[PDB]
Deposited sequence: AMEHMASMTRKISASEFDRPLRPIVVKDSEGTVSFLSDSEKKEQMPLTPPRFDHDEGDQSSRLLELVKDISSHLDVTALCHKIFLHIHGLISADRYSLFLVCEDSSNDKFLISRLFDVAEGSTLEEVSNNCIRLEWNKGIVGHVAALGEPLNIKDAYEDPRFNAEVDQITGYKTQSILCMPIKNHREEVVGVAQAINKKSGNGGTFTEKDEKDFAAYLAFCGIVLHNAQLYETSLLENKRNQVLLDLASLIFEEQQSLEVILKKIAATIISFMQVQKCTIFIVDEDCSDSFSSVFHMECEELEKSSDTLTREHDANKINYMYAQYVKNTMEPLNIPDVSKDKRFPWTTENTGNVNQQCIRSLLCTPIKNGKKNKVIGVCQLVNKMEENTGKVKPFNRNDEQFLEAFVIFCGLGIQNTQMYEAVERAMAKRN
């Protein structure tokens, strides 16, 4: 059945996965893909306590909650926040934050935008005496909310290779004499942070690893689908079609099956819109000829001639990876929080590159079944 595919999508869809993953397949000289990828078998004393406390966490969430807490005790200030450098499969970085004092919700900040954006992208701290005199600052929010931002201390969090993995930020030094952020404030703050980077890195490596295995589990489940019943294309291609629309979050899928007997044609065709069933034209063509996936961000901007806005189109090769059994077409990657259409990325290629392998084997065994099938109603 599908129903195996009911709460497939309750656990996941390919967008929890949109970060840099290890390559999902490795190819050799003569083009056997394998899945075996990456060969893989007092000041000081108060700081020691804090380190001891964070180091046990490989859950990024819990480790950020703890890092938030700590920074409160560390320099004295009105409002604190913590930012976490994220990154998707295209290697596009941004900042994220659910841990900010307002004094549920989730700030997202693009790479070089802002004070924090900037200290992020530059790996350099900002101690700002008076915000209203930094070009980089901007008082919209102060004014709207009636808060006034005097002093800022905004520090990069770095891992051991000294890459920025998030950012932390104190606003408005608590002070009698009316004071700015100290030099000792800067030092104490960076000292803590230099550890958070190393721990944060590790927690990120861990989760990436968990995510890489969750991927395998998805493929393994999808195999058990596909391979369930291999006695007719119309069935199987629907299963393939059905799943992919749901995991990949696209608007339509089309599978094209090369002619058994010529070698240049399209003996058959399937198509699903992203709700249900009606089954039974150029883009395939190119792929088949090229023997290579096709990602067009916008259709109307290429070397075809022109809704169908974003396209990814994948060759279904055969047992030996040689001929091209068939071809696979997805249109309009949506960002489906929204329904907003959107280009395909490496993540999307990787996953499909992978499912196509079983698709391959599924289809080419169905065909051999249907070829007996059809040597028997020639008795007809």
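Sequence ranges without modelled C-alpha atoms (deposited numbering): Since the structure holds only modelled residues, the stretches it omits are 42 to 57, 120 to 128, 306 to 319, 346 to 357.
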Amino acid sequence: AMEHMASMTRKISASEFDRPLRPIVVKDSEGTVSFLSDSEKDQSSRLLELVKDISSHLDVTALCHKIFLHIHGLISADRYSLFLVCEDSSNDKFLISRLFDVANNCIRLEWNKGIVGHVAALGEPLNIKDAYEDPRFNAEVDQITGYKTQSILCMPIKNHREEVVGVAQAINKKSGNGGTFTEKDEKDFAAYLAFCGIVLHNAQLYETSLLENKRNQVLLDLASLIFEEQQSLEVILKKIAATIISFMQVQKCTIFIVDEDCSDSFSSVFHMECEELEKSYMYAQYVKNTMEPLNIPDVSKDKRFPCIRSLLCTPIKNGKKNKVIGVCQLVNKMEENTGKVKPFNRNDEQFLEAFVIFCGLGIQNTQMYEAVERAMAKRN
From here on, numbers count along this sequence of modelled residues.
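Stretch with the higher entry mean CA B-factor, where the candidates are 295 to 303 and 157 to 165: Looking at the record's C-alpha B-factors, the answer is 295 to 303.
118 to 126 versus 178 to 186 - which carries the larger mean C-alpha B factor in the record: Between 178 to 186 and 118 to 126, it is 178 to 186 that shows the higher mean C-alpha B-factor.
C-alpha B-factor winner, where the candidates are 138, 224, 204, 265: The C-alpha B-factor peaks, among 138, 224, 204, 265, at 265.
Peak C-alpha temperature factor (PDB record), options 61, 332, 55, 350: Out of 61, 332, 55, 350, the record gives the largest C-alpha B-factor to 332.
Relative C-alpha B-factor of residue 346, binned into the chain's lowest, middle or highest third: Answer is lowest: the recorded C-alpha B-factor places it there.
Ranked against its chain, the third holding the CA B-factor of residue 70: Within its chain, residue 70 is a lowest-third residue by C-alpha B-factor, going by the deposited values.
Lowest, middle or highest third - CA B-factor, residue 246: It falls in the middle third of the chain.
Assigned third (lowest, middle, highest) for the C-alpha B factor of residue 283: Tercile = highest for this residue's CA B-factor.
Record-listed C-alpha B factor of residue 14: chain third: For residue 14, whose C-alpha B-factor we compare with every modelled residue in the chain, the answer is the highest third.
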